[PDB]
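To start, the structure under review is shown below, and the notes come after it.
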Amino acid sequence: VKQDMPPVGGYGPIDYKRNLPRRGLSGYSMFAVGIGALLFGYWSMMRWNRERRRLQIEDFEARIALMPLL
Amino acid sequence: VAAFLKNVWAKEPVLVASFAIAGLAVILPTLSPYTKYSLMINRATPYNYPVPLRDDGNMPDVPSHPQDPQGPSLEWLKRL
Ligand SMILES: CCCCCCCCCCCCCCCCCC(=O)OC[C@H](COP(=O)([O-])OCC[N+](C)(C)C)OC(=O)CCCCCCCCCCCCCCCCC
């Protein structure tokens, strides 16, 4: 006879339990990365703001030199 | 004070972080070394015109030319 039957060795194991990976860095790592990015941005903004102040002083002194003719 | 700090860090970390940032912003400019540098940077910006003065003949500080060594310079911000 022929009928719907599982095979001679049966069917294989089937996973039925939860599997969460558990991934990412430790919280100290992202805190250190954020703090380092903050410090780098602070340093770059400091340098560029000082340069901008120097350029503004230069432009203002050019204006002061140009004033009497106007 | 460690147990209380751990308790508030476990319950709401946002308040602990906010109070830490507030305390840092309160106590750090009072310990900053560049605040007086900011003071002279703000004071050295030439907004209005530097009008000259009349001469009675007795002044050792003010110059007669902008390129004379007498008078205040601005070397500290140029180097920094
Ligand atoms: C603009 C550029 C791109 C940005 C990123 C865009 C892609 C990522 C988007 C992600 C999804 C966003 C939408 C879904 C979430 C919406 C809800 C939401 O945002 O809720 C806010 C959530 C809500 O929190 P909650 O939902 O967990 O609330 C639970 C609250 N308790 C624990 C009390 C029960 O978080 C906040 O409100 C926190 C605000 C942001 C915190 C940022 C911290 C920055 C670092 C500070 C210093 C840290 C160091 C320690 C101190 C050091 C001091 C010197």
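We place every Cβ from the backbone using ideal geometry, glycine too, and count neighbours over all the protein chains shown. Read the figures in this text as sums done on the coordinates, not as results from a lab.
Details
- Just one of the listed residues (B:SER38, B:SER32) is more than 19 Å from A:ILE57 (Cβ to Cβ) and hydroxyl-bearing (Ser, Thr, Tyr), and it is B:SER32.
Condition check ((1) away from the ligand (no atom under 16 Å from the Cβ); (2) more than 14 Å from chain A (Cβ to nearest Cβ)) across all residues:
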residue	(1), (2)
B:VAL8	no, yes
B:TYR34	yes, no
B:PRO46	yes, no
B:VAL62	yes, yes
B:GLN70	yes, yes
B:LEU80	yes, no
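- Qualifying positions in region A:7-37 - within 14 Å of the ligand (Cβ to nearest atom) and of a type in the set (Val, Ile, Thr): A:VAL33, A:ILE35
- Qualifying residue in region A:29-42 (condition: closer than 30 Å to B:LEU77 by Cα and either touching a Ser or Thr at 6+ places or on another chain (Cβ under 7 Å) or within 12 Å of chain B (Cβ to nearest Cβ) (or both)): yes
- So B:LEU74, is it closer than 25 Å to A:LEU66 by Cβ and either touching a residue at least 24 places away in the same chain (Cβ under 8 Å) or within 16 Å of the ligand (Cβ to nearest atom) (or both): yes
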